[PDB]
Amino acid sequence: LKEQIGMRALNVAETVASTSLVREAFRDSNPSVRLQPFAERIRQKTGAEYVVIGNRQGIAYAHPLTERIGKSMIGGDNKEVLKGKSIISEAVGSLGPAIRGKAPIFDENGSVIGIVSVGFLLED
């Protein structure tokens, strides 16, 4: 069950990472203008705790707490995602145990330009 909630998280992250809107926003001077409303819409519709979209350093362009945008970093190891891999991992935050999926964002030439990290609270 924990594995399938992780697959929920990863499938949402992969779908967000493959959306043209997300890839295109990284060409904007402020990617958050387009990234944050989309991430929030997806977070609401799917029941996720967060849909965080960040650059290669993990700096969040989108975050469920808008005051954290540009300040918070995608938590956990991101080295594998920067290699183009998709990663499921367990984590914890103030709201409790979570499982998250991270997917790379690719440009038109296959380079990783960012990370999508989607987390679900471990709860029925």
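Residue indices: 1-based, along the sequence shown.
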*Identify the stretch, either 113-121 or 1-9, whose C-alpha atoms have the larger mean B-factor according to the entry.*
1-9
*Averaging only over Cα atoms, indicate whether 12-20 or 103-111 has the higher B-factor in the PDB entry.*
103-111
*Highest Cα B-factor in the deposition, which of 26, 61, 38, 50?*
26
*Which of 46, 94, 72, 57 ranks first by CA B-factor in the deposited coordinates*: 57
*Which third of the chain holds residue 87 when residues are ordered by C-alpha B factor: lowest, middle or highest?*
highest
